Amino acid sequence: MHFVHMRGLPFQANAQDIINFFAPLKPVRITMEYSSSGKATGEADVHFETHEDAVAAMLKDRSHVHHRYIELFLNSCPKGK
């Protein structure tokens, strides 16, 4: 329903780094991607309680996690409903 896709996270980043990234917005669920070799890709799905929280979270676009800038993509209530 209401999630933000992340791209470009540092390899060493944890779910708590994702939580601090969107703070004070509190994700309800975090999903992290791993490659065929079991290594993190830097991509993650962050689920929010409401559409408004997922929309607010988008202001964090191009902000950083350590040295890496993060690319965000909104997956919440599209205009082609």
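## Some remarks on the overall build of the protein
Logical step 1: Helix and strand content of the protein: two helices and six strands.
Logical step 2: The secondary structure elements of the protein, listed N-terminal to C-terminal, are β-α-β-β-α-β-β-β.
Logical step 3: Over its C-alpha atoms the protein spans a radius of gyration of 12 Å, differing by no more than 12% from the 12 Å that the globule rule assigns to 81 residues.
Logical step 4: The C-alpha extent of the protein, read off along each of the three principal axes, is 35 × 25 × 20 Å.
Logical step 5: Considering the protein as a whole, with its 81 residues, one finds that 36% of them fall into the buried category.

## Remarks on the nonpolar core
Logical step 1: Among the nonpolar cores identified, the biggest contains 16 residues, and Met6, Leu9, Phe22 and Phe48 are the most heavily contacted of them.
Logical step 2: Contributions of two or more residues to this core are made by strand 1 (3-7), helix 1 (15-22), strand 3 (40-47) and helix 2 (51-57).
Logical step 3: With three residues, helix 1 is the largest single contributor of residues to this core.
Logical step 4: Once residues within four sequence positions are removed from consideration, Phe22 is found in contact with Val4, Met6, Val46, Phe48, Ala57, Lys60 and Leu72.

## Details of the pattern of salt bridges
Logical step 1: One pass over the structure, following the stated rule, counts two salt bridges.
Logical step 2: For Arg7, the salt bridge is made with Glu71, and the minimal N-O distance between the two is 2.8 Å. Taken together, the residues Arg7 in strand 1 and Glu71 in strand 6 (residues 71-75) connect sequence positions 64 residues apart.
Logical step 3: Note on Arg7: relative accessible area 38%, which makes it partly exposed.
Logical step 4: Overall, the relative accessible area of 18% leaves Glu71 in the buried class.
Logical step 5: Close ionic contact of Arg62 with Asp61 constitutes a salt bridge, the shortest N to O distance being 3.3 Å.

## What about helix 1?
Logical step 1: Every buried residue of helix 1 is accounted for by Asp17, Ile18, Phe21 and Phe22. Take helix 1 and look down its axis: the buried residues cluster within an arc of 130 degrees, on one side only.
Logical step 2: Tucked inside the fold, the buried residues of helix 1 contact strand 1, strand 2 (29-34), strand 3, helix 2, strand 4 (64-65) and strand 6.

What counts and how
- Residues numbered from 1 in each chain as written, not as in the entry; some residues may be left out.
- Heavy atoms only, no water.
- Helix = DSSP H or I, 4+ residues; strand = E, 2+ residues; numbered from the N terminus.
- Rg over C-alpha atoms; globule rule 2.2 N^0.38 Å.
- Buried < 20%, exposed > 50% of the residue type's maximum accessible area, 1.4 Å probe, protein only.
- Core = buried A, V, L, I, M, F, W, Y, C linked by side-chain atoms within 4.5 Å.
- Contact = heavy atoms within 4.5 Å.
- Salt bridge = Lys/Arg side-chain N within 4 Å of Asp/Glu carboxyl O.
- Arc of directions from axis to C-beta.

Read these as spatial facts, not as claims about activity.
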